[PDB]
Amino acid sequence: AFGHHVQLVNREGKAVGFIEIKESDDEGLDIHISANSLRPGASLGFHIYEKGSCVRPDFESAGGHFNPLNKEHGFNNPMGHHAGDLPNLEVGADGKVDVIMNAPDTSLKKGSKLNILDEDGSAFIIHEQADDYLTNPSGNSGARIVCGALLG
């Protein structure tokens, strides 16, 4: 079943949705994301970050696209991509995204290099603009505008 429930908040502190995760067969992780209050009909950057910490308004604090394999950013970079690089969100007329994405190169298993429930935890962040799938170190996705932490 889906578990590991994570509340999403915006820069102003508003609850705007949740994520749940499932230990996918197979393999990697299925991510149920169900959010509101987004730019209606935008393409938006979406990634797993390396530190479970969402301090507003900016969320720099903390990190880092999740990158246990030390690669460059981008599905279409020949030197890419990071393990927490996911495909863009496609927001409805509503301002909602309600989908399930696969994250092949992640895990919940302690010990494993692909673990996102490590000591640090990890963060899911929505960006202001699209990931261009190519530029270092975050696809030119702009400001981090929603955040949720999974605690480690």
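Sequential numbering from 1, following the sequence displayed.
A summary of the deposited B-factors shows that, of 124 to 132 and 20 to 28, the stretch with the larger mean C-alpha value is 20 to 28. Per the PDB record, of the two stretches 109 to 117 and 87 to 95, 109 to 117 carries the greater mean B-factor over its C-alpha atoms.
Note on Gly52, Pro57, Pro104, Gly64: the highest value goes to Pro104, judged by CA B factor as recorded.
Ranked by Cα temperature factor within the chain, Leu69 sits in the highest third according to the deposited record. Among all modelled residues in its chain, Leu38 ranks in the highest third by Cα B-factor. Among the modelled residues of its chain, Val6 has a C-alpha B-factor that falls in the middle third, as given in the PDB entry. Sort the modelled residues of the chain by CA B factor and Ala149 lands in the middle third.
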